[PDB]
């Protein structure tokens, strides 16, 4: 009876196994754009993905992960609200059963169709497993997806999904460039938070881009053909794998703009 999103093991149950679910810096949150404080001291975000080395794609039974070789200083996030250098380890998405829901963060209560998370760990802690034990261990770049025109740079991901339909499937996934998933603007909001799935560790500096990317209806329909179940189990479509907004608890969300 492991955690998931389904009828009896979803977000409102997670606190029983992971009491930090009711902690002081949980994610995601609603971003109240009017109460976000412009911080002129924030720097432009530096996203250096030129040398990124994707390796594999994995259906982990919750989402799919596109995984990167993080054994050298390649694909790094720095600047913005960050001290130091954070290395890309994986990205994944959260999405809905319908275009009207799917994102984890909300903007003035608006839900997007989906949300991309590019997960990075602080190089001062040596790898990912040690970084998640620290309050400044991770930096996650969050990008909203709306349904409209296709995102050409997403199509290589969409096309491999049928090879990883079910939980625990993987496929070689080399030479994928995550720069093709980024919007024009790197304007962002930022706040201290957590993983959004168990173990819900309070180790993340969240950086949420204001400008969404557009994906097509056909691209997101393909995400909704994935399965939460393993091969040879009854089909449970992988949809609505998002945690709802959690209490802000007096944390301040800062804006890089306006």
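Positions refer to the first chain, counted from 1. In this text, the rigid core denotes the largest set of C-alpha atoms whose superposition between the two forms falls within 1.5 Å.
Visitor: Core-aligned, RMS over all structures and residues: is 19-27 or 5-13 the stretch with the greater C-alpha displacement in 7 other deposited structures of this protein?
Guide: When 19-27 and 5-13 are compared in 7 other deposited structures of this protein, the bigger C-alpha shift is seen for 5-13.
Visitor: Which wins on mean Cα temperature factor, 107-115 or 169-177?
Guide: Mean C-alpha B-factor is greater for 169-177.
Visitor: Can you tell me whether 72-80 has a higher mean C-alpha B factor than 127-135 in this record, or the other way round?
Guide: Comparing 72-80 with 127-135, the higher average CA B-factor belongs to 72-80.
Visitor: With respect to the C-alpha temperature factors reported in the PDB entry, which of 195, 31, 47, 226 ranks highest?
Guide: Most elevated C-alpha B-factor of the set, per the entry: 47.
Visitor: Using the temperature factors in the entry, find which of 42, 213, 207, 201 has the highest value at its Cα atom.
Guide: Answer, based on the entry's C-alpha B-factors: 42.
Visitor: Consider only the C-alpha atoms of the modelled residues in this chain, order them by B-factor as the entry records it, and name the third containing residue 234: lowest, middle or highest.
Guide: Top third by C-alpha B-factor.
Visitor: Name the third of the chain's ranked CA B-factors that contains residue 65, choosing lowest, middle or highest.
Guide: It belongs to the middle third of the chain when residues are ordered by C-alpha B-factor.
Visitor: Would you mind checking where the Cα B-factor of residue 15 ranks among the modelled residues of its chain, as the lowest, middle or highest third?
Guide: According to the entry, residue 15 has a C-alpha B-factor in the chain's middle third.
Visitor: Would you mind checking where the Cα B-factor of residue 101 ranks among the modelled residues of its chain, as the lowest, middle or highest third?
Guide: Lowest third - that is where residue 101 ends up once the chain's C-alpha B-factors are sorted.
Visitor: Considering every modelled residue of the chain and its Cα B-factor in the PDB entry, is residue 163 in the lowest, middle or highest third?
Guide: According to the entry, residue 163 has a C-alpha B-factor in the chain's highest third.
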